[PDB]
$ cat my_file-v2.cif   # mmCIF, C-alpha atoms and all ligand atoms
data_run
loop_
_atom_site.label_atom_id
_atom_site.label_comp_id
_atom_site.auth_asym_id
_atom_site.auth_seq_id
_atom_site.Cartn_x
_atom_site.Cartn_y
_atom_site.Cartn_z
CA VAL A 2 63.54 112.99 85.84
CA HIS A 3 63.15 112.93 82.05
CA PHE A 4 61.36 109.59 82.01
CA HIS A 5 59.09 110.66 84.89
CA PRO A 6 58.28 114.33 84.03
CA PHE A 7 55.87 116.45 86.09
CA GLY A 8 56.21 119.92 84.57
CA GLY A 9 56.59 122.86 86.91
CA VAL A 10 54.94 121.66 90.10
CA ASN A 11 56.08 121.73 93.72
CA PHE A 12 54.84 118.53 95.38
CA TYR A 13 55.53 120.07 98.78
CA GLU A 14 53.01 122.86 98.19
CA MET A 15 50.21 120.50 97.18
CA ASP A 16 47.22 119.05 98.99
CA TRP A 17 47.56 115.27 99.06
CA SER A 18 44.44 114.43 101.04
CA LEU A 19 42.90 112.33 98.26
CA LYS A 20 39.23 112.02 97.37
CA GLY A 21 37.20 110.11 94.79
CA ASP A 22 37.85 106.61 93.49
CA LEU A 23 40.76 105.50 95.66
CA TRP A 24 40.69 101.70 95.44
CA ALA A 25 44.21 100.80 94.32
CA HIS A 26 46.90 98.13 94.63
CA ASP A 27 50.50 98.45 93.35
CA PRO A 28 50.15 101.99 91.95
CA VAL A 29 52.41 104.22 89.84
CA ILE A 30 51.73 107.72 88.53
CA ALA A 31 52.42 109.84 85.47
CA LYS A 32 51.47 113.36 84.40
CA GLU A 33 50.95 114.55 80.83
CA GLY A 34 49.81 118.12 80.27
CA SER A 35 47.31 119.07 82.97
CA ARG A 36 46.23 115.47 83.59
CA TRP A 37 47.48 113.03 86.24
CA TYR A 38 47.24 109.28 85.69
CA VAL A 39 47.50 106.30 88.02
CA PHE A 40 47.97 102.76 86.75
CA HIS A 41 47.49 99.80 89.09
CA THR A 42 46.81 96.08 89.44
CA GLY A 43 43.48 94.88 88.09
CA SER A 44 41.58 93.74 84.99
CA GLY A 45 43.80 94.54 82.01
CA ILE A 46 45.55 97.11 84.21
CA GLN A 47 43.25 99.66 85.83
CA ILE A 48 43.56 103.38 85.16
CA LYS A 49 42.54 106.45 87.15
CA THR A 50 42.88 110.10 86.15
CA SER A 51 42.91 113.47 87.92
CA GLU A 52 42.97 117.18 87.08
CA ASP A 53 44.66 118.25 90.32
CA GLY A 54 46.03 115.06 91.83
CA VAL A 55 43.59 115.28 94.73
CA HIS A 56 40.33 114.05 93.19
CA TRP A 57 40.67 110.72 91.38
CA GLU A 58 38.25 109.00 89.02
CA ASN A 59 38.36 105.62 87.29
CA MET A 60 39.37 105.83 83.61
CA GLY A 61 38.91 102.33 82.19
CA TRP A 62 41.84 100.01 81.54
CA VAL A 63 44.84 99.46 79.28
CA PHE A 64 43.79 96.16 77.69
CA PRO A 65 40.21 94.95 77.09
CA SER A 66 41.46 91.42 77.75
CA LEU A 67 44.67 89.40 78.02
CA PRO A 68 46.99 89.07 74.98
CA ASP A 69 47.15 85.45 73.79
CA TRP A 70 50.90 85.04 74.36
CA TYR A 71 50.30 84.99 78.13
CA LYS A 72 49.36 81.30 77.96
CA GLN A 73 52.91 80.43 76.88
CA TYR A 74 54.10 81.55 80.32
CA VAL A 75 51.14 81.17 82.68
CA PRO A 76 48.45 78.44 82.97
CA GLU A 77 44.98 79.55 81.83
CA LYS A 78 44.00 82.38 84.15
CA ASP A 79 40.28 82.47 84.88
CA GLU A 80 41.63 85.78 86.15
CA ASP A 81 42.08 88.69 83.74
CA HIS A 82 44.10 90.71 86.25
CA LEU A 83 47.45 92.18 85.28
CA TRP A 84 49.79 93.12 88.12
CA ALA A 85 52.00 95.98 89.22
CA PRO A 86 52.33 98.23 86.17
CA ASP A 87 55.23 100.66 85.77
CA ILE A 88 55.21 103.74 83.59
CA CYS A 89 57.91 105.87 81.98
CA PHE A 90 58.17 108.35 79.10
CA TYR A 91 60.96 108.01 76.52
CA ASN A 92 61.37 109.39 72.98
CA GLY A 93 57.79 110.63 72.80
CA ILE A 94 56.49 107.18 73.75
CA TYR A 95 54.97 105.90 76.99
CA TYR A 96 56.26 102.50 78.10
CA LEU A 97 53.97 100.60 80.44
CA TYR A 98 55.47 97.43 81.90
CA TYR A 99 53.26 95.01 83.78
CA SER A 100 53.09 91.48 85.18
CA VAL A 101 51.18 88.35 84.21
CA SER A 102 51.28 85.58 86.81
CA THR A 103 49.39 83.39 89.29
CA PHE A 104 49.44 84.05 93.03
CA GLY A 105 52.08 81.99 94.84
CA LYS A 106 53.87 80.80 91.69
CA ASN A 107 56.89 82.02 89.76
CA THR A 108 55.58 80.95 86.36
CA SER A 109 55.38 84.61 85.39
CA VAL A 110 56.13 87.08 82.63
CA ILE A 111 56.56 90.83 82.38
CA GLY A 112 54.93 92.38 79.33
CA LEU A 113 55.27 95.76 77.62
CA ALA A 114 52.52 98.00 76.24
CA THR A 115 53.27 101.31 74.50
CA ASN A 116 51.24 104.42 73.61
CA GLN A 117 51.96 107.80 72.06
CA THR A 118 49.90 109.50 74.78
CA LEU A 119 48.04 108.81 78.04
CA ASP A 120 45.00 110.93 77.09
CA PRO A 121 42.20 108.90 75.40
CA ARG A 122 40.74 112.16 74.06
CA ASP A 123 43.74 112.39 71.72
CA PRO A 124 43.40 110.45 68.41
CA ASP A 125 46.92 109.01 68.80
CA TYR A 126 45.81 107.13 71.92
CA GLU A 127 46.13 103.35 71.49
CA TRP A 128 47.78 100.86 73.84
CA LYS A 129 49.91 98.61 71.65
CA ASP A 130 50.79 95.11 72.84
CA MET A 131 54.56 95.00 72.38
CA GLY A 132 54.91 91.53 73.89
CA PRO A 133 56.90 89.82 76.69
CA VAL A 134 60.04 91.45 78.09
CA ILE A 135 61.41 88.84 80.49
CA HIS A 136 59.94 85.74 82.13
CA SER A 137 60.44 83.09 84.79
CA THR A 138 59.54 79.40 84.90
CA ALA A 139 59.18 77.09 87.90
CA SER A 140 62.80 76.08 87.40
CA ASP A 141 64.21 79.61 87.74
CA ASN A 142 65.20 81.02 91.12
CA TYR A 143 63.59 84.42 90.56
CA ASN A 144 60.06 85.65 89.88
CA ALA A 145 59.33 87.82 86.85
CA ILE A 146 56.81 90.33 88.24
CA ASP A 147 56.89 93.86 89.71
CA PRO A 148 58.83 95.68 86.98
CA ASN A 149 60.40 99.13 87.34
CA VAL A 150 62.45 100.99 84.77
CA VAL A 151 65.10 103.55 85.59
CA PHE A 152 67.62 105.33 83.39
CA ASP A 153 70.94 105.79 85.16
CA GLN A 154 72.75 109.12 84.95
CA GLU A 155 74.50 107.96 81.78
CA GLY A 156 71.12 107.52 80.11
CA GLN A 157 71.29 103.73 80.13
CA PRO A 158 67.88 102.11 80.82
CA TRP A 159 67.65 99.34 83.42
CA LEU A 160 64.84 97.02 84.50
CA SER A 161 64.60 95.98 88.13
CA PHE A 162 61.98 93.46 89.25
CA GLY A 163 61.32 90.50 91.51
CA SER A 164 59.25 89.08 94.32
CA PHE A 165 60.41 86.32 96.66
CA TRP A 166 62.63 83.44 95.51
CA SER A 167 66.19 84.83 95.18
CA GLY A 168 64.91 88.39 95.54
CA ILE A 169 65.30 91.60 93.55
CA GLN A 170 66.77 91.36 90.06
CA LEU A 171 68.38 93.94 87.77
CA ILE A 172 69.10 93.79 84.04
CA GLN A 173 70.12 96.25 81.33
CA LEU A 174 67.67 97.20 78.60
CA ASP A 175 68.50 98.35 75.07
CA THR A 176 67.39 101.89 74.22
CA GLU A 177 66.02 100.83 70.83
CA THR A 178 63.80 97.98 72.02
CA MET A 179 63.53 98.84 75.71
CA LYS A 180 63.90 95.10 76.31
CA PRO A 181 67.01 93.29 77.59
CA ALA A 182 69.56 92.02 75.07
CA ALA A 183 69.41 88.24 74.70
CA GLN A 184 72.83 88.05 76.37
CA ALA A 185 72.32 90.72 79.06
CA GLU A 186 73.28 89.36 82.48
CA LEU A 187 70.69 89.10 85.27
CA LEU A 188 71.96 90.51 88.57
CA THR A 189 70.46 89.87 92.00
CA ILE A 190 70.67 93.09 94.02
CA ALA A 191 68.52 92.63 97.14
CA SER A 192 67.26 89.81 99.37
CA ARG A 193 65.90 89.50 102.92
CA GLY A 194 68.30 86.60 103.33
CA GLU A 195 65.40 84.64 104.81
CA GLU A 196 63.12 81.85 103.63
CA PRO A 197 60.56 82.72 102.46
CA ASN A 198 62.31 85.75 101.02
CA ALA A 199 59.70 88.48 101.55
CA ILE A 200 61.03 91.32 99.41
CA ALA A 201 59.38 92.66 96.27
CA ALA A 202 58.15 95.66 94.31
CA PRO A 203 61.50 97.34 93.64
CA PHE A 204 61.66 100.97 92.53
CA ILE A 205 64.98 102.74 91.88
CA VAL A 206 65.56 106.49 91.74
CA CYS A 207 68.75 108.51 91.37
CA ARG A 208 69.25 111.52 93.62
CA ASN A 209 72.51 113.48 93.70
CA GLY A 210 74.79 110.72 92.41
CA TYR A 211 73.18 108.03 94.56
CA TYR A 212 70.79 105.29 93.45
CA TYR A 213 68.04 104.51 95.94
CA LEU A 214 66.37 101.11 95.88
CA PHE A 215 62.93 101.18 97.51
CA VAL A 216 61.38 97.77 98.12
CA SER A 217 58.45 96.24 99.97
CA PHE A 218 59.19 94.01 102.94
CA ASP A 219 56.92 91.19 104.08
CA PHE A 220 53.31 90.47 103.07
CA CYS A 221 50.64 91.95 100.81
CA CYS A 222 47.21 90.76 99.93
CA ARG A 223 45.86 89.80 103.37
CA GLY A 224 43.56 92.71 104.12
CA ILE A 225 44.02 93.87 107.70
CA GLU A 226 46.51 91.05 108.27
CA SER A 227 48.93 92.35 105.62
CA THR A 228 52.41 93.15 107.01
CA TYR A 229 53.91 95.17 104.15
CA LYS A 230 56.61 97.69 105.06
CA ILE A 231 58.48 100.11 102.78
CA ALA A 232 62.28 99.93 103.06
CA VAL A 233 65.15 101.74 101.35
CA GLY A 234 68.87 101.42 100.69
CA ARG A 235 71.35 103.28 98.48
CA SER A 236 74.39 102.71 96.28
CA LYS A 237 76.89 104.90 94.43
CA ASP A 238 76.50 102.55 91.46
CA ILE A 239 73.23 101.27 90.00
CA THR A 240 74.51 97.69 90.12
CA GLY A 241 75.15 98.10 93.84
CA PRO A 242 75.98 97.19 96.46
CA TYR A 243 72.90 98.83 97.99
CA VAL A 244 73.20 99.45 101.71
CA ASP A 245 71.02 100.95 104.46
CA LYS A 246 71.66 103.66 107.08
CA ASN A 247 73.49 101.12 109.23
CA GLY A 248 75.85 100.00 106.48
CA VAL A 249 74.08 96.66 106.09
CA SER A 250 73.76 95.20 102.59
CA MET A 251 70.29 94.88 101.09
CA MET A 252 71.44 91.43 99.93
CA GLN A 253 71.49 90.34 103.57
CA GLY A 254 68.25 91.78 104.90
CA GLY A 255 69.50 95.34 105.00
CA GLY A 256 66.99 98.15 104.62
CA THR A 257 65.97 101.33 106.42
CA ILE A 258 62.22 101.26 107.15
CA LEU A 259 60.38 104.28 105.76
CA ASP A 260 56.87 103.25 106.80
CA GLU A 261 55.59 100.18 108.65
CA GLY A 262 52.02 101.40 108.76
CA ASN A 263 49.72 101.59 111.76
CA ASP A 264 46.37 100.43 113.14
CA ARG A 265 44.45 102.58 110.63
CA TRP A 266 46.47 102.20 107.42
CA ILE A 267 47.69 98.60 107.48
CA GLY A 268 50.72 97.35 105.58
CA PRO A 269 51.67 100.21 103.22
CA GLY A 270 53.54 98.82 100.24
CA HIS A 271 54.52 98.65 96.59
CA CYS A 272 55.75 102.24 96.40
CA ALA A 273 56.79 104.62 93.63
CA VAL A 274 58.95 107.73 94.01
CA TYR A 275 58.78 110.79 91.76
CA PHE A 276 60.57 114.15 91.72
CA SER A 277 59.90 117.69 90.55
CA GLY A 278 62.45 120.37 91.30
CA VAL A 279 63.55 119.75 94.88
CA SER A 280 60.20 118.26 95.88
CA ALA A 281 59.19 114.61 95.75
CA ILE A 282 56.30 112.27 96.53
CA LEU A 283 55.94 108.67 97.62
CA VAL A 284 53.09 106.66 96.12
CA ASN A 285 51.82 103.34 97.47
CA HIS A 286 48.74 101.48 98.62
CA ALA A 287 47.71 100.57 102.14
CA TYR A 288 44.90 98.43 103.50
CA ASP A 289 42.02 100.34 105.10
CA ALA A 290 41.41 98.99 108.59
CA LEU A 291 38.18 101.00 108.61
CA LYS A 292 36.97 99.64 105.27
CA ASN A 293 37.42 95.88 105.43
CA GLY A 294 41.11 96.10 104.60
CA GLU A 295 40.46 97.39 101.11
CA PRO A 296 43.63 98.55 99.28
CA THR A 297 43.70 102.34 99.14
CA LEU A 298 45.76 104.75 97.07
CA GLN A 299 48.17 106.89 99.11
CA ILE A 300 50.27 109.86 97.95
CA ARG A 301 52.51 111.71 100.39
CA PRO A 302 55.28 114.30 100.05
CA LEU A 303 58.71 112.72 100.51
CA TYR A 304 61.52 114.72 102.10
CA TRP A 305 65.26 114.15 102.37
CA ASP A 306 67.59 114.86 105.29
CA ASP A 307 71.02 116.52 105.18
CA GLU A 308 72.62 113.08 105.06
CA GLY A 309 70.66 112.28 101.92
CA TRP A 310 68.16 109.81 103.36
CA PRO A 311 64.44 110.02 102.46
CA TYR A 312 61.69 110.40 105.05
CA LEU A 313 57.96 111.03 104.90
CA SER A 314 56.75 114.24 106.51
CA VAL A 315 54.72 114.09 109.71
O1 LIG B 401 48.99 91.92 93.24
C1 LIG B 401 50.04 92.04 94.20
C2 LIG B 401 51.22 91.15 93.81
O2 LIG B 401 51.53 90.14 94.81
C3 LIG B 401 52.86 90.44 95.32
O3 LIG B 401 53.48 89.17 95.73
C4 LIG B 401 52.54 88.20 96.25
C5 LIG B 401 52.72 86.78 95.68
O4 LIG B 401 53.32 85.82 96.58
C6 LIG B 401 54.70 85.74 96.19
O5 LIG B 401 55.23 84.48 96.69
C7 LIG B 401 54.66 84.05 97.93
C8 LIG B 401 55.24 82.70 98.37
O6 LIG B 401 56.64 82.72 98.75
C9 LIG B 401 57.21 81.47 98.29
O7 LIG B 401 58.12 81.81 97.23
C10 LIG B 401 56.06 80.60 97.88
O8 LIG B 401 56.46 79.58 96.94
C11 LIG B 401 55.12 81.60 97.31
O9 LIG B 401 53.77 81.15 97.19
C12 LIG B 401 54.69 85.79 94.71
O10 LIG B 401 55.96 86.27 94.24
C13 LIG B 401 53.55 86.72 94.38
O11 LIG B 401 52.71 86.21 93.33
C14 LIG B 401 53.57 91.12 94.20
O12 LIG B 401 54.65 91.93 94.72
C15 LIG B 401 52.49 91.95 93.55
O13 LIG B 401 52.69 92.14 92.15
CA CA B 402 55.99 98.76 91.06
#
$ encode --input "my_file-v2.cif" --output "C-alpha cells"
Amino acid sequence: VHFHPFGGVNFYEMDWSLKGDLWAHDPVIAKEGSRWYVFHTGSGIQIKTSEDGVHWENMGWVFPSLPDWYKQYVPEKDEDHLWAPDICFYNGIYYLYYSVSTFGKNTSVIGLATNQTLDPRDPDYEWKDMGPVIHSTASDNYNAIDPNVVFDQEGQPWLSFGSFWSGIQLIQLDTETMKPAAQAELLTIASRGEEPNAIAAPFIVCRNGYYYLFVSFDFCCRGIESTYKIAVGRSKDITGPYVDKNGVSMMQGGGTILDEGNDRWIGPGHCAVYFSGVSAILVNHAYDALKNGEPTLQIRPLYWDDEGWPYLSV
C-alpha cells in the first residue's frame, strides 16, 4: 500500500507481544525509516513511537491545543481531546485526519493536519493545521467523526467515516486538496439497521480486487462494560455494496465478526489494517479487565483464507 508503506518487513515473522506505554484508544500506525508511530485519541492527538514495534513509548502530541475554528462546529470543549486520528502518506506529505466532537452528539467536524515527516528530530517536522474537511450539525443524519482514507486501485482517494445516526459514510476526495469537492456526493455504505445504530470506526483496505470494510459494532467507552466487536464485509467496488460471508448487506446489519473479545480483553474495537508483502496486521484497542478496563493498544498478525476472508491467528 503506497499510502501505508512499511518497507521490507514481514509482519508474520514479528513479535507482537507489546511492552512499554500501551494506553491507547482508537489507534492507527505508520512507519517511516526505522521508526514506528502510533496516533490515537487524546489531548491534541497522542503519539507513541517505537524502534521495533514491540516496545512503545509516548512521544508527545500533534497539536499543543485546539485550533480556533473548532468552535464553529462544536460548543466550547473544556476537553482538549481530539478523536480517532487516521494517517496516510501521499506525495511526500503525511496526512493526519482526526475528529473534533462531544460525546453523544453529532455536532462534529473532521480536521486535517499535515507534516513533511513523522520524526521530530528532522528539521522539516511541523504539524500544520490545514483546517476542517467535512462536518455534521444536529440537523444532519450522519456523524462526522472516525475518518479513514483509502486510495482505490485507480489511485482515487476516498474518505470513509461515521458513527451512529445513519451509519458509515463515503465520499470522494480531490488529490490536490485531499478534501472532498464542494459538490461530491455523500454515500451511506453501512448500517446496523437498528436504533441506535451502533456501527462506527470504518477502515477500508483493498486486497486482490476486493475492498474490505472493517467497522466496529456496538459500544466503546464503558471500561469493562464495553461491547465493541470488530466486523468485516467486502465489495468488488469501493462504493459497494459491501456484504459479509453470508451474503448479507452491511447496510442491513451484515458483517462477519473478526473478534468479539473475551473476559480478559474486553470489547476490542476501532481497528486499522496494514499490509507488507503477503503479511498483514490488525491494530485496535481493547479494555483491560485486569487493569480497571483501561484501553490498551493491541497489534496482531492478520491472515487470510483461501476464500479471501481475513482472520486473526490463534
Ligand atoms: O473516543 C472514542 C469515540 O467514541 C466513539 O463513539 C462514541 C460516541 O457515541 C456515539 O453516539 C452514541 C449515541 O447514539 C445515539 O446516536 C445518541 O444520540 C448518541 O448519544 C457518538 O457517535 C460518539 O461520540 C467513536 O467511534 C470514537 O471516535
Ligand atoms: Ca479509525
$ residues_around --input "my_file-v2.cif" --residues "range 287-296 of chain A" --least-positions-apart "5" --cutoff "12 Å" --atoms "all atoms listed in the file" --output "VMD selection string"
chain A and resid 22 to 28 41 to 43 217 220 to 231 260 to 272
$ residues_near_point --input "my_file-v2.cif" --point "(74.1, 95.5, 87.9)" --cutoff "6 Å" --atoms "all atoms listed in the file" --output "mmCIF file with C-alpha atoms, keeping the file's coordinate frame"
data_model
loop_
_atom_site.group_PDB
_atom_site.id
_atom_site.type_symbol
_atom_site.label_atom_id
_atom_site.label_comp_id
_atom_site.auth_asym_id
_atom_site.auth_seq_id
_atom_site.Cartn_x
_atom_site.Cartn_y
_atom_site.Cartn_z
ATOM 1 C CA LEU A 171 68.380 93.940 87.770
ATOM 2 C CA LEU A 188 71.960 90.510 88.570
ATOM 3 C CA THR A 240 74.510 97.690 90.120
#
$ residues_near_ligand --input "my_file-v2.cif" --ligand "ligand CA 402 (chain B)" --cutoff "8 Å" --atoms "all atoms listed in the file" --output "compact mmCIF listing (two decimals) with C-alpha atoms, in the coordinates of the input"
# COMPACT_ATOMS: atom_id res chain seq x y z
CA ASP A 27 50.50 98.45 93.35
CA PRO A 28 50.15 101.99 91.95
CA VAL A 29 52.41 104.22 89.84
CA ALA A 85 52.00 95.98 89.22
CA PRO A 86 52.33 98.23 86.17
CA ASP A 87 55.23 100.66 85.77
CA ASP A 147 56.89 93.86 89.71
CA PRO A 148 58.83 95.68 86.98
CA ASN A 149 60.40 99.13 87.34
CA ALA A 202 58.15 95.66 94.31
CA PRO A 203 61.50 97.34 93.64
CA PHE A 204 61.66 100.97 92.53
CA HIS A 271 54.52 98.65 96.59
CA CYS A 272 55.75 102.24 96.40
CA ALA A 273 56.79 104.62 93.63
$ residues_near_point --input "my_file-v2.cif" --point "(49.7, 87.4, 85.6)" --cutoff "9 Å" --atoms "all atoms listed in the file" --output "list in words"
residues 71, 75, 78, 80, 81, 82, 83, 84, 99, 100, 101, 102, 103, 104, 108, 109, 110, 111 and 146 of chain A
$ closest_residue --input "my_file-v2.cif" --among "A:184, A:277, A:107, A:117" --to "residue 163 in chain A" --atoms "all atoms listed in the file"
A:107
$ residues_around --input "my_file-v2.cif" --residues "residue 195 in chain A" --least-positions-apart "5" --cutoff "12 Å" --atoms "all atoms listed in the file" --output "ChimeraX atom specification"
/A:165-168,200,218-219,251-255
$ write_last_selection --input "my_file-v2.cif" --atoms "C-alpha atoms" --output "PDB file, in the frame of the given file"
ATOM      1  CA  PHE A 165      60.410  86.320  96.660  1.00  0.00           C
ATOM      2  CA  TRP A 166      62.630  83.440  95.510  1.00  0.00           C
ATOM      3  CA  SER A 167      66.190  84.830  95.180  1.00  0.00           C
ATOM      4  CA  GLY A 168      64.910  88.390  95.540  1.00  0.00           C
ATOM      5  CA  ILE A 200      61.030  91.320  99.410  1.00  0.00           C
ATOM      6  CA  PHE A 218      59.190  94.010 102.940  1.00  0.00           C
ATOM      7  CA  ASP A 219      56.920  91.190 104.080  1.00  0.00           C
ATOM      8  CA  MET A 251      70.290  94.880 101.090  1.00  0.00           C
ATOM      9  CA  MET A 252      71.440  91.430  99.930  1.00  0.00           C
ATOM     10  CA  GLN A 253      71.490  90.340 103.570  1.00  0.00           C
ATOM     11  CA  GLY A 254      68.250  91.780 104.900  1.00  0.00           C
ATOM     12  CA  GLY A 255      69.500  95.340 105.000  1.00  0.00           C
TER      13      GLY A 255
END
$ closest_residue --input "my_file-v2.cif" --among "A:246, A:180, A:106, A:286" --to "ligand LIG 401 (chain B)" --atoms "only C-alpha atoms and all ligand atoms"
A:106
$ atom_distance --input "my_file-v2.cif" --atom1 "CA of residue 135 in chain A" --atom2 "CA of residue 157 in chain A"
17.9 Å
$ axis_aligned_box --input "my_file-v2.cif" --around "range 252-260 of chain A" --padding-each-side "6 Å" --output "JSON"
{"center_x": 64.2, "center_y": 97.3, "center_z": 103.5, "size_x": 26.6, "size_y": 25.9, "size_z": 19.2}
$ closest_residue --input "my_file-v2.cif" --among "A:308, A:211, A:275, A:74" --to "residue 88 in chain A" --atoms "only C-alpha atoms"
A:275
$ decode --input "my_file-v2.cif" --residues "range 164-177 of chain A" --atoms "N, CA and C atoms" --output "compact mmCIF listing (two decimals), in the first residue's frame"
# COMPACT_ATOMS: atom_id res chain seq x y z
N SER A 164 -20.30 7.34 12.69
CA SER A 164 -20.54 6.71 13.97
C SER A 164 -21.99 7.00 14.31
N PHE A 165 -22.78 5.93 14.41
CA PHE A 165 -24.20 6.01 14.71
C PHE A 165 -25.00 6.81 13.69
N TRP A 166 -26.18 7.29 14.07
CA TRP A 166 -27.04 8.01 13.13
C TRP A 166 -27.29 7.11 11.91
N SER A 167 -27.14 7.62 10.68
CA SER A 167 -27.40 6.77 9.52
C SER A 167 -26.31 5.73 9.26
N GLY A 168 -25.19 5.84 9.96
CA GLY A 168 -24.13 4.85 9.77
C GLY A 168 -22.85 5.32 9.11
N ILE A 169 -22.22 4.40 8.38
CA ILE A 169 -20.95 4.69 7.71
C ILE A 169 -21.10 5.44 6.39
N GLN A 170 -20.35 6.53 6.25
CA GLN A 170 -20.41 7.36 5.06
C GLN A 170 -19.15 7.20 4.21
N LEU A 171 -19.26 7.58 2.94
CA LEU A 171 -18.16 7.51 1.99
C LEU A 171 -18.25 8.70 1.04
N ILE A 172 -17.12 9.34 0.77
CA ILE A 172 -17.12 10.48 -0.13
C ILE A 172 -15.76 10.64 -0.81
N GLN A 173 -15.77 10.99 -2.09
CA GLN A 173 -14.53 11.17 -2.83
C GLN A 173 -13.76 12.41 -2.41
N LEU A 174 -12.44 12.32 -2.45
CA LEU A 174 -11.57 13.43 -2.10
C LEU A 174 -10.81 13.83 -3.36
N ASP A 175 -10.40 15.09 -3.45
CA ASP A 175 -9.62 15.53 -4.60
C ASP A 175 -8.15 15.29 -4.26
N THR A 176 -7.36 14.86 -5.24
CA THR A 176 -5.95 14.58 -5.00
C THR A 176 -5.15 15.83 -4.65
N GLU A 177 -5.55 16.98 -5.17
CA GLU A 177 -4.83 18.22 -4.90
C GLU A 177 -5.00 18.69 -3.47
